[PDB]
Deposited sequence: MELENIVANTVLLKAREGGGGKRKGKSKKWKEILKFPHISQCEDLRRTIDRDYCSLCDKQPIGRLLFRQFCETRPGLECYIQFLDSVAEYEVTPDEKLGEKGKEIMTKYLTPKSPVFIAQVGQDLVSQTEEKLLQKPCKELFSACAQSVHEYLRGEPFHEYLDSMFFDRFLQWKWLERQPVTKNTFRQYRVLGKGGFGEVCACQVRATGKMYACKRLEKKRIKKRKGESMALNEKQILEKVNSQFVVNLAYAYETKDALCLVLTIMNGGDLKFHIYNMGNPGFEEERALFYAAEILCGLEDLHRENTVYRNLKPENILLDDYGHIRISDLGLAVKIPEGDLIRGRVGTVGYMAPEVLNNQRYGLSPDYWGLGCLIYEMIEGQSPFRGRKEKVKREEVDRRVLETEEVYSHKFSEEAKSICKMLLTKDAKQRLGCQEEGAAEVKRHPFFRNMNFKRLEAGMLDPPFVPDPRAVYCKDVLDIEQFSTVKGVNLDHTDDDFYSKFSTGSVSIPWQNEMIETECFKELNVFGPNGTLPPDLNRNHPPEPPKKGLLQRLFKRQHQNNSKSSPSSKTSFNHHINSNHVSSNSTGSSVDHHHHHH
């Protein structure tokens, strides 16, 4: 439900207003033609204009198809790409790949198909497009149009930018509205943080830390920040909305308690991919527990509640002793200096609890004081049942290795070590990362499953819209599709023409 007036509020500014942006935007190929959703479409749209560029995009498109293709049909899709782009006769023959590079891929398929067959040629294409095609696209009307989208992105976010609907919960610092953008109609979830609740607690530092972690992560498996605006009586964090309920609910109230191993595997796989993205920024999450893994409407999961997460300077350790009783890694309970390893401890606790329907150190039916829980965590070896394949016992007791020095993924290799583990022997992370795999359970839609130091913090926190999620909102809500229109027969529309404003 877009507002009746949306075409105006999202009206492109005239190109003449974007001059500041033009000189300040850093002209990085990978950012402007790929990381930024709308710049990606604008560049691809620029390549369709000239013919002989268009085959390079058609190629990269099919490589992406081939990299997820079911392993049974991998080489079958390879042959098709070979007879379309890697053969001199074909009309969409890509020449900047070189007759060398293709002759090598020709025997790569004769030497059995792997997902990285065409990865060679693809880089050859990206190395070319970064060159001449990019700098034409910059001095073209499609980057002028990209600047207009950026102009709208940087526009100021206020309470009137949204519609705050039913409240889905209550939080430590405030309630969690279910807000909608007026112009686009996209649904999000507000995290309302009452003012004085921060002021009395001196929680500014941990509030700003959360906002900053949230906006620096672009992951499918971690809640994303789309907006950070301040109001007269709160500070809002607009995030990904997740209505599928949380994992705790599905482990216990929907479960046996517990999942089939194959069901738990899917969840683990995504949680693992989620942790990998946090760990690219060398950020540690530390709050892994079932009730913090949320499900969306399609049935996929994301990691929620990052208020306990901190960036770690590369090659430096942190100290904490924070978390939840029974989901705290040994090194945390001992208040030792640690790195990212607590998060693989948490993976072990999440895979165990999903298969067995209870914590690896606390019976679902057990009364135990906090002390004995921790004692077990540090001293007792957990037990497994016939609910666990050999493969699943293995991964868990490796992730639940007391000594974080011999714990999975805690070596230089990292999460790559964990994906290889035989528990994911049947999991295809490329297709998972691509959404090709169907979640095991799909949730039914209609279900319930006062000074200047503050003025400083306020403005540091209230930075506005986040770039990547805001451009995705435009595309998703077909606001890009409708508004991104040019002139009849490839001519300058009036908003991109300097001759008449």
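S.K.: Which segments of the deposited sequence lack C-alpha coordinates in the modelled structure, numbering from residue 1?
M.R.: Absent from the structure are positions 1-24, 474-490, 543-598.
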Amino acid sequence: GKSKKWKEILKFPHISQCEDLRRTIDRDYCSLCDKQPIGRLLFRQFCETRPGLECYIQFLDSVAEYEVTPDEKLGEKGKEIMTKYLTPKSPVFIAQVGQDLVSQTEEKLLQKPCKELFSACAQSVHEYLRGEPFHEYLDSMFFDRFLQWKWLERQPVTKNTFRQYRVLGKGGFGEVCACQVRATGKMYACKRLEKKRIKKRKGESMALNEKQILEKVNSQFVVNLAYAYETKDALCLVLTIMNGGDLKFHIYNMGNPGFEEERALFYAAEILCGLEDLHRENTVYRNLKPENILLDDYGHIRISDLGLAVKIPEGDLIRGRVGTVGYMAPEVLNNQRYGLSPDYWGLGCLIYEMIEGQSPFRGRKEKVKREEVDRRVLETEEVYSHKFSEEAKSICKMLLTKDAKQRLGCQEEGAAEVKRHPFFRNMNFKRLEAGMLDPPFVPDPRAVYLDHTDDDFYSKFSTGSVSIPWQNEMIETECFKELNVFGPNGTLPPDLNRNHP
From here on, numbers count along this sequence of modelled residues.
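Superpose the two forms; the largest set of C-alphas matching within 1.5 Å is the rigid core.
S.K.: Please tell me which region, 260-268 or 72-80, has C-alphas lying farther from the displayed form on average in 7 other deposited structures of this protein, with superposition done on the core.
M.R.: Stretch with the larger root mean square C-alpha distance in 7 other deposited structures of this protein: 72-80.
S.K.: After a core fit, does 107-115 or 392-400 show the bigger CA gap to the shown form in 7 other deposited structures of this protein?
M.R.: Looking at 107-115 and 392-400 in 7 other deposited structures of this protein, the bigger mover is 107-115.
S.K.: 110-118 versus 374-382: which one carries the higher mean Cα B factor per the record?
M.R.: According to the PDB entry, the answer is 110-118.
S.K.: Mean CA temperature factor from the deposited coordinates, higher in 399-407 or in 72-80?
M.R.: On average, C-alpha B-factors are higher across 72-80.
S.K.: According to the deposited entry, which of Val223, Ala95, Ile301, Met141 has the largest Cα B-factor?
M.R.: The record points to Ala95.
S.K.: Which one, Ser219, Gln164, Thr283, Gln155, has the peak C-alpha temperature factor per the PDB entry?
M.R.: Comparing C-alpha B-factors across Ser219, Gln164, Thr283, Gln155, the maximum falls on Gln164.
S.K.: Ranked by Cα temperature factor within the chain, is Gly174 in the lowest third, the middle third or the highest third?
M.R.: It belongs to the highest third of the chain when residues are ordered by C-alpha B-factor.
S.K.: Looking at the C-alpha B-factor of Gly203, is it in the lowest, middle or highest third of its chain?
M.R.: Highest third of the chain for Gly203's C-alpha B-factor.
S.K.: Taking the C-alpha B-factors as the PDB entry records them, is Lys35 in the lowest, middle or highest third of its chain?
M.R.: According to the entry, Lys35 has a C-alpha B-factor in the chain's lowest third.
S.K.: Could you place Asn484 in the lowest, middle or highest third of its chain by Cα temperature factor, using the values in the record?
M.R.: As the PDB entry reports it, the C-alpha B-factor of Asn484 lands in the lowest third of its chain.
S.K.: Please say which third, lowest, middle or highest, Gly274 falls into when its CA temperature factor is compared across its chain.
M.R.: Lowest third of the chain for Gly274's C-alpha B-factor.
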